[PDB]
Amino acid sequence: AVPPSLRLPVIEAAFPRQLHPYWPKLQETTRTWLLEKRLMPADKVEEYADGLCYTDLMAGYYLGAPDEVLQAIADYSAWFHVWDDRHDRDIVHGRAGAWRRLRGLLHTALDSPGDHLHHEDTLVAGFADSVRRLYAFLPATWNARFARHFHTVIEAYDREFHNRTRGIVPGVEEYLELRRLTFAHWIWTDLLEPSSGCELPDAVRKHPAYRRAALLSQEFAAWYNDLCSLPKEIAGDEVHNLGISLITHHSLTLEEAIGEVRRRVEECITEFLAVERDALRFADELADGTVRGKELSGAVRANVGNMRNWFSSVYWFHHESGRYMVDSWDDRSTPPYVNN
């Protein structure tokens, strides 16, 4: 059961949880990858990795993915959380040069991941390994789109670095725009496509019903993370959180801000329910009697189904993962799974 302040009865009643059959092997294989790529200290991997639930988060989302696609996605997701931790620690310790150099290497590795598979920075080498595998599933046009999206994500992380080093809390609207980039909304959306085995043409994925369903799934995930990660973020001097923007710029108390974030999250669900109908009608229209139409219809339907699964996977992840359990830590500002 979930605490009342975080509970979403519509998720519990109407978004039943799903789990990909590869999850048990996924859990161990990603743990071993974190150890072998030296992305976290060995003792922290053994003590904390399974409890962080990163593989569970992906296995509740990309249902139907081939096992090797899911493995690359899960390794990438675990990497992404470690990168968020590295960025945080570079900020806390004032390592502006180390951050700048990492940022530059990630831009280069994103365009040429094979060149960086054995880089001396293990964080760069692990990024490159996951991305090179992601680049092997679909035509290079998809790879180029993933790269365009992730270049933007890296720069949003750089903006967060600047904000936190200057002590700036973004305004609410500025924050909502930035959050689509720091949460990597378009990366998770891109990854729907190798999971269903089809690169969608621009005309299909830019259809208004597809686009809006994709957006709402990610807005829910990011803002629900803001709701659940607010305690650890306040304790860690993080400034990027819708609740923090509301407290800072709209003069809300903590209780009022929690209520407002909750209401915005709830609205994503019922807006998604409306647009999902339109997205599934579009999927039906794509089934025009042709083979290609059947393929595109099935891919769109699978992708919209996984946009729905993201809601339940993110919901339960936030109650299971050790990442957010700040009340258990000796130092609330320093999670035990980060290298400090």
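Throughout, we count residues from 1 along the sequence that is shown.
Comparing the deposited coordinates for 271 to 279 and 43 to 51, the stretch with the larger average C-alpha B-factor is 43 to 51. Taking only CA atoms, the mean B-factor in the PDB entry is higher for 197 to 205 than for the other of 197 to 205 and 151 to 159. The residue among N306, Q27, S312, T290 whose C-alpha carries the highest B-factor in the deposited model is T290. Taking the deposited Cα B-factors for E260, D75, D84, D226, the highest one is held by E260. In the PDB entry, a CA B factor belonging to the highest third of its chain's modelled residues is recorded for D115. Among all modelled residues in its chain, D88 ranks in the middle third by Cα B-factor.
Placement of the Cα temperature factor of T165 within the chain: highest third of the modelled residues, per the deposited record.
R179: CA B factor lies in the lowest third for its chain, per the PDB record.
Among the modelled residues of its chain, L35 has a C-alpha B-factor that falls in the highest third according to the deposited record.
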